[PDB]
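Just the one chain here, the form deposited without this ligand, laid out as structure tokens.
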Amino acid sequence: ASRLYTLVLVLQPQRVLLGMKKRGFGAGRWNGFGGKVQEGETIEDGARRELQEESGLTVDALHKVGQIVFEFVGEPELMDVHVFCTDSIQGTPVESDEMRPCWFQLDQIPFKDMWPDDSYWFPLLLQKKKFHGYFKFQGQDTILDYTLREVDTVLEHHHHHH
């Protein structure tokens, strides 16, 4: 069994918009925008939906930048995380109950305040490289093992319900 998720990085020439989880799981960490793809929606519509809900932003285009798989100890569920980035946004960023957007200069990324896997694949995203990655987690804060690879084109999964 896997669970289908999206993550969207709003990435501009000198800056990246992250959001601070205000409540819930992972509260107090900065991350990209996204969440679970629900039944009855496509991955890309779920990505657009979560970004609109969490930041109030609309996007003209999303670029498929990567795939990450998360495995946890104790959970048979795997997470299939489809990563996107976008340069072209409209609206002004405003917080939801769940998330508060804030801009960071690209050399000021707060990796100590983000999830540990971000230290690995965020550099590739910031180099405009496409990637596949896998991270085996223990609890919240501990990567047990991982693999990461750059790729030329990204990985179509052909989800036929999404």
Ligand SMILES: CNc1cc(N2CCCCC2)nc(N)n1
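Numbering starts at 1 and runs along the sequence shown. Superpose the two forms; the largest set of C-alphas matching within 1.5 Å is the rigid core.
Comparing 126-134 with 38-46 in 6 other deposited structures of this protein, after superposition on the rigid core, the stretch with the greater RMS C-alpha deviation is 38-46. Core superposition of the other structures onto this form places the C-alphas of 146-154 farther off in 6 other deposited structures of this protein than those of the other stretch among 146-154 and 11-19. Between the stretches 67-75 and 81-89, it is 67-75 that shows the larger average CA temperature factor. The PDB entry records a higher mean C-alpha B factor for 135-143 than for its counterpart among 135-143 and 5-13. Within the group 43, 102, 51, 27, the record's highest C-alpha temperature factor is found at 27. Compared with the other modelled residues of the chain, the Cα B-factor recorded for residue 94 ranks in the middle third.
Ranked against the other modelled residues of its chain, the C-alpha B-factor of residue 47 as given in the entry falls in the lowest third. Among all modelled residues in its chain, residue 106 ranks in the middle third by Cα B-factor.
This protein has a second form, the form deposited with this ligand bound, left out of what is shown; the following refers to that one.
Checked against this ligand in the entry with it bound, the residues 58, 42, 96, 31 give one hit for a heavy atom within 4.5 Å, which is 31. Using a 4.5 Å cutoff between non-hydrogen atoms, residue 89 does not count as a contact of this ligand in the entry with it bound. Under a 4.5 angstroms non-hydrogen atom cutoff, this ligand in the entry with it bound has residue 70 among its neighbouring residues. Using a 4.5 angstroms threshold between heavy atoms, residue 85 stays clear of this ligand in the entry with it bound. At a distance threshold of 4.5 angstroms between non-hydrogen atoms, residue 131 is out of contact with this ligand in the entry with it bound. Of the residues in 4-23, those that come within 4.5 Å of this ligand in the entry with it bound through at least one heavy atom are, in sequence order, 5, 6, 7.
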